[PDB]
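Below are the structure tokens for one structure; questions will follow.
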Amino acid sequence: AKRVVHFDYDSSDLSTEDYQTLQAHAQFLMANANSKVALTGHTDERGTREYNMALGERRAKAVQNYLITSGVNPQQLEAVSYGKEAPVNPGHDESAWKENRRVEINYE
């Protein structure tokens, strides 16, 4: 499945769609003990760097929580936050911001 899940404004809540994507990664991870993923949290530009750094961390941790709760070994997961510092779209509208509020699933 895809390796990115998105979030709403000032929120670290996951949608039903996101759960489907995450369940696929959980299965792969539980089936491949040598695989490990880095979960990186991100935010759009609104708000201070410190506020976004923490929000990004809550997002990465929410994804982490879903995976662990589903049965994934914590050793195969690492969560980190980049806050607003690594946007995929530097635009200044919802279209751009929606792309930035995310958690990326990176293998290895």
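Can you tell me which residue in region 7-23 is surrounded by the most Cβ atoms within 10 Å (Cβ to Cβ), limited to those that are part of a loop (DSSP other than H, G, I, E, B), of a type in the set (D, E, K, R) and free of Cβ contacts under 8 Å to residues at least 60 places away in the same chain? It would help to see each step written out before you state the result.
Our first condition is that a residue be part of a loop (DSSP other than H, G, I, E, B); within region 7-23, this holds for 7-15.
In the following step, the residues that additionally are of a type in the set (D, E, K, R) were identified as 8, 10, 13.
Add one more test, that the residue is free of Cβ contacts under 8 Å to residues at least 60 places away in the same chain, and what stays is 10, 13.
On the way: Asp10: 13, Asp13: 10.
Among residues in region 7-23 that are part of a loop (DSSP other than H, G, I, E, B), of a type in the set (D, E, K, R) and free of Cβ contacts under 8 Å to residues at least 60 places away in the same chain, the one surrounded by the most Cβ atoms within 10 Å (Cβ to Cβ) is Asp10.
Just to be sure I understand, how many residues within region 65-88 are more than 18 Å from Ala24 (Cβ to Cβ), small (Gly, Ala, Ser) and part of a loop (DSSP other than H, G, I, E, B)?
So the answer is 2.
Still on this structure, please answer the following. Among the residues of region 72-93, which ones are closer than 15 Å to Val37 by Cα and without any contact (Cβ under 8 Å) to a residue 12 or more places away in the chain? Step through it out loud before you land on a result.
In the first step, residues of region 72-93 are kept if they are closer than 15 Å to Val37 by Cα; the result is 72-81.
The answer is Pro74, and nothing else.
Identify, from the list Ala96, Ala62, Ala26, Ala38, the residue that is exposed (fewer than 15 other Cβ atoms within 10 Å of the Cβ) and either touching a residue at least 40 places away in the same chain (Cβ under 8 Å) or outside any strand (DSSP E or B) (or both).
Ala38
Taking the stated definitions as given, is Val103 in contact with a strand residue (DSSP E or B) (Cβ under 8 Å, 6 or more places away or on another chain), in a strand (DSSP E or B) and within 17 Å of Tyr9 (Cβ to Cβ)?
Taking the combined requirement at face value, the residue satisfies it.
Name the one entry in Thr48, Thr16, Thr69, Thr40 that is in contact with a strand residue (DSSP E or B) (Cβ under 6 Å, 6 or more places away or on another chain) and of a type outside the set (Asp, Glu).
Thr40
Any idea how many residues of region 13-46 are closer than 23 Å to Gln75 by Cβ, polar (S, T, N, Q) and under 13 Å from the mean Cα position of the chain (by Cα)?
2
Any read-out appearing in this document is the output of simple, stated calculations on the displayed coordinates, not a laboratory observation. So basically every Cβ, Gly included, is an ideal-geometry build from the backbone, and we count neighbours across all protein chains shown.
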